[PDB]
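A.B. asks: Just dropping this structure here.
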Amino acid sequence: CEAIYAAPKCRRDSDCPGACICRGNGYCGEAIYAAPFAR
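Numbering of the sequence shown is given in the entry's author numbering, commencing with residue 1 and proceeding in unit increments.
Written out as structure tokens, the structure reads:
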């Protein structure tokens with residue numbers, strides 16, 4: 001769920017869509033970008 005323009009911000013990993021985690025940028029994104037699961 002990584003996006004640059006329309007990036008969903010995170011508070012906690014759980015508030016990230018799909019299975020995304022709260023990345024160190026402050027936004028939600030998948031754990032492994034190479035892994036197609038829930039980006």
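Cβ atoms here follow ideal geometry from the backbone N, Cα and C, with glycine treated the same way.
How many Å lie between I21 and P36 at the Cα?
C.D. replies: Looking up residue 21 in the sequence shown gives position 21. Looking up residue 36 in the sequence shown gives position 36. Near 14 angstroms, if we compare the C-alpha coordinates of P36 and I21.
A.B. asks: Nearest-angstrom Cα distance between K9 and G26?
C.D. replies: Along the sequence shown, read from residue 1 onward, the residue named residue 9 stands at position 9. Along the sequence shown, read from residue 1 onward, the residue named residue 26 stands at position 26. Those two C-alpha atoms are separated by around 6 angstroms.
A.B. asks: Give me whichever residues DSSP pairs with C28 in a beta bridge.
C.D. replies: In the sequence shown, residue 28 corresponds to position 28, counting from 1. In the DSSP output, where bridge partners are listed per residue, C28 has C22.
A.B. asks: Given this structure, state the Cα-to-Cα distance separating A19 from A34, to the nearest angstrom.
C.D. replies: On the sequence shown, residue 19 is found 19 positions in, with the first residue counted as 1. On the sequence shown, residue 34 is found 34 positions in, with the first residue counted as 1. C-alpha separation (whole angstroms): 14 angstroms.
A.B. asks: Quick check on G24: buried or exposed, where buried means 16 or more other Cβ atoms within 10 Å of its Cβ?
C.D. replies: Taking the first residue of the sequence shown as 1, we reach residue 24 at position 24. Burial call: exposed.
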